[PDB]
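Below is one structure, written out as structure tokens, with a few remarks after it.
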Amino acid sequence: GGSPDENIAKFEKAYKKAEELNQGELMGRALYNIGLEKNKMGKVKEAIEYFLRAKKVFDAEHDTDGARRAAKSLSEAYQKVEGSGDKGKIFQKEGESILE
């Protein structure tokens, strides 16, 4: 297995590991990943929460990149809050994992 909401259960543990270390870059990315999992399951409004909280922690770190990155995924979500998906081919893909 490895369902997105079940992956969140691990990412919340990983968030607590980020949080005890107080490393808001990691704390932001943790909630951001959770939000991506929500968004792909159709939990758009739940995705918003996690991208807002992720972004908020990036804003504290002054990492404007991750703040805009969470806001970009927020834009992806807000389109589905206005026109929920819509009958059309949205060119989606996997999360940018260029982590060597």
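Chain labels run A, B, ... following the order of the structure tokens; each chain numbers its residues from 1, and ligands are numbered from 1 in the order shown.
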
Using only C-alpha atoms, determine which residues lie at most 7 Å from residue A:50, disregarding the query and same-chain residues fewer than 5 positions distant; provide the list as a PyMOL selection string.
-> chain A and resi 31-32+34-35

Now that the selection is made, can you save its residues with N, CA, C and O atoms as a compact mmCIF listing (two decimals), in the first residue's frame?
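File written: selection38.txt
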# COMPACT_ATOMS: atom_id res chain seq x y z
N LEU A 31 4.02 19.93 5.98
CA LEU A 31 2.59 20.30 5.82
C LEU A 31 2.25 20.50 4.33
O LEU A 31 1.12 20.25 3.90
N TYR A 32 3.25 20.95 3.55
CA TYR A 32 3.12 21.18 2.10
C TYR A 32 2.87 19.84 1.37
O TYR A 32 1.99 19.76 0.51
N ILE A 34 1.70 17.05 2.80
CA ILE A 34 0.36 16.65 3.28
C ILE A 34 -0.74 17.29 2.41
O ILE A 34 -1.70 16.62 2.03
N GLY A 35 -0.55 18.59 2.10
CA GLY A 35 -1.48 19.35 1.28
C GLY A 35 -1.57 18.81 -0.15
O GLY A 35 -2.65 18.79 -0.73

Would you kindly return, as number ranges by chain, each protein, DNA or RNA residue with an atom no farther than 9 Å from any atom of stretch 53-56 of chain A, considering only C-alpha atoms and excluding same-chain residues fewer than 6 positions away?
-> A: 24-25, 27-32, 35, 63-64, 66-71

Residue A:84 surroundings by only C-alpha atoms, 12 Å radius, close-in-sequence under 3 positions cut, as a PDB file with C-alpha atoms, in the first residue's frame:
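Full text of around.pdb as output:
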ATOM      1  CA  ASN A  39      -5.214  17.924  -3.328  1.00  0.00           C
ATOM      2  CA  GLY A  42      -9.925  15.747  -4.092  1.00  0.00           C
ATOM      3  CA  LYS A  43      -9.596  17.142  -0.528  1.00  0.00           C
ATOM      4  CA  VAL A  44      -9.031  20.643  -1.980  1.00  0.00           C
ATOM      5  CA  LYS A  45     -10.231  22.658   1.091  1.00  0.00           C
ATOM      6  CA  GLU A  76      -4.060  25.088  -8.012  1.00  0.00           C
ATOM      7  CA  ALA A  77      -6.529  24.488  -5.105  1.00  0.00           C
ATOM      8  CA  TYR A  78      -8.456  27.845  -5.441  1.00  0.00           C
ATOM      9  CA  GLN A  79      -9.246  27.046  -9.116  1.00  0.00           C
ATOM     10  CA  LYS A  80     -11.048  23.905  -7.758  1.00  0.00           C
ATOM     11  CA  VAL A  81     -12.825  26.056  -5.050  1.00  0.00           C
ATOM     12  CA  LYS A  87     -14.441  19.101 -17.784  1.00  0.00           C
ATOM     13  CA  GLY A  88     -10.957  19.741 -19.268  1.00  0.00           C
ATOM     14  CA  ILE A  90      -5.351  19.920 -16.706  1.00  0.00           C
TER      15      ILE A  90
END

Out of chain A, which residues get alpha helix (DSSP H) from DSSP, as a PyMOL selection string?
-> chain A and resi 4-20+24-41+44-61+64-82

For the residues selected in the previous step, produce a file with C-alpha atoms as an mmCIF file, in the first residue's frame.
data_model
loop_
_atom_site.group_PDB
_atom_site.id
_atom_site.type_symbol
_atom_site.label_atom_id
_atom_site.label_comp_id
_atom_site.auth_asym_id
_atom_site.auth_seq_id
_atom_site.Cartn_x
_atom_site.Cartn_y
_atom_site.Cartn_z
ATOM 1 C CA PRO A 4 -1.897 9.613 0.004
ATOM 2 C CA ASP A 5 -3.896 10.123 3.283
ATOM 3 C CA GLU A 6 -1.994 7.146 4.818
ATOM 4 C CA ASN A 7 1.289 8.859 3.647
ATOM 5 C CA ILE A 8 0.073 11.959 5.597
ATOM 6 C CA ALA A 9 0.126 9.828 8.819
ATOM 7 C CA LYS A 10 3.917 9.436 8.234
ATOM 8 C CA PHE A 11 4.341 13.149 7.152
ATOM 9 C CA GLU A 12 2.723 14.305 10.477
ATOM 10 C CA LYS A 13 5.370 12.242 12.362
ATOM 11 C CA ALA A 14 8.036 13.787 10.049
ATOM 12 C CA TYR A 15 6.479 17.227 10.826
ATOM 13 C CA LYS A 16 6.931 16.570 14.587
ATOM 14 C CA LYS A 17 10.596 15.650 13.835
ATOM 15 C CA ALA A 18 10.978 18.921 11.864
ATOM 16 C CA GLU A 19 9.117 20.817 14.680
ATOM 17 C CA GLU A 20 11.244 19.526 17.640
ATOM 18 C CA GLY A 24 10.793 25.754 9.622
ATOM 19 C CA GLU A 25 12.073 24.870 6.124
ATOM 20 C CA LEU A 26 11.319 21.171 6.997
ATOM 21 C CA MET A 27 8.139 22.094 9.000
ATOM 22 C CA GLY A 28 6.770 23.954 5.973
ATOM 23 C CA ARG A 29 7.693 21.153 3.467
ATOM 24 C CA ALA A 30 6.038 18.560 5.800
ATOM 25 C CA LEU A 31 2.594 20.302 5.817
ATOM 26 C CA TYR A 32 3.124 21.175 2.097
ATOM 27 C CA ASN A 33 3.517 17.426 1.201
ATOM 28 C CA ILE A 34 0.365 16.652 3.279
ATOM 29 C CA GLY A 35 -1.482 19.348 1.278
ATOM 30 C CA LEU A 36 -0.329 17.796 -2.060
ATOM 31 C CA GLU A 37 -1.704 14.410 -0.863
ATOM 32 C CA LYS A 38 -5.051 16.098 0.056
ATOM 33 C CA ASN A 39 -5.214 17.924 -3.328
ATOM 34 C CA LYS A 40 -4.706 14.714 -5.442
ATOM 35 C CA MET A 41 -7.452 12.886 -3.370
ATOM 36 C CA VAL A 44 -9.031 20.643 -1.980
ATOM 37 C CA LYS A 45 -10.231 22.658 1.091
ATOM 38 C CA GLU A 46 -8.048 20.482 3.402
ATOM 39 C CA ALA A 47 -5.112 21.069 0.970
ATOM 40 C CA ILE A 48 -5.658 24.877 1.397
ATOM 41 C CA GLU A 49 -5.255 24.595 5.212
ATOM 42 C CA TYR A 50 -1.952 22.690 4.960
ATOM 43 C CA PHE A 51 -0.496 24.972 2.203
ATOM 44 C CA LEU A 52 -1.491 28.089 4.287
ATOM 45 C CA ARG A 53 0.172 26.714 7.452
ATOM 46 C CA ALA A 54 3.200 25.485 5.402
ATOM 47 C CA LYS A 55 3.508 28.915 3.705
ATOM 48 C CA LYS A 56 3.123 30.685 7.104
ATOM 49 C CA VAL A 57 6.152 28.749 8.472
ATOM 50 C CA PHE A 58 8.172 29.558 5.235
ATOM 51 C CA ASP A 59 7.250 33.286 5.743
ATOM 52 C CA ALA A 60 8.691 33.017 9.313
ATOM 53 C CA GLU A 61 11.939 31.552 7.854
ATOM 54 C CA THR A 64 9.974 33.427 -0.130
ATOM 55 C CA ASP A 65 10.572 30.497 -2.566
ATOM 56 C CA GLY A 66 8.647 27.934 -0.468
ATOM 57 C CA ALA A 67 6.074 30.613 0.467
ATOM 58 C CA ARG A 68 5.362 31.177 -3.291
ATOM 59 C CA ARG A 69 5.592 27.356 -3.879
ATOM 60 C CA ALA A 70 2.847 26.680 -1.277
ATOM 61 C CA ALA A 71 0.931 29.698 -2.725
ATOM 62 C CA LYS A 72 1.277 28.190 -6.257
ATOM 63 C CA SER A 73 -0.273 24.908 -5.016
ATOM 64 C CA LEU A 74 -2.868 27.167 -3.244
ATOM 65 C CA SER A 75 -3.660 28.689 -6.683
ATOM 66 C CA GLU A 76 -4.060 25.088 -8.012
ATOM 67 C CA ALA A 77 -6.529 24.488 -5.105
ATOM 68 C CA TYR A 78 -8.456 27.845 -5.441
ATOM 69 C CA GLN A 79 -9.246 27.046 -9.116
ATOM 70 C CA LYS A 80 -11.048 23.905 -7.758
ATOM 71 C CA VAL A 81 -12.825 26.056 -5.050
ATOM 72 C CA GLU A 82 -14.237 28.287 -7.857
#
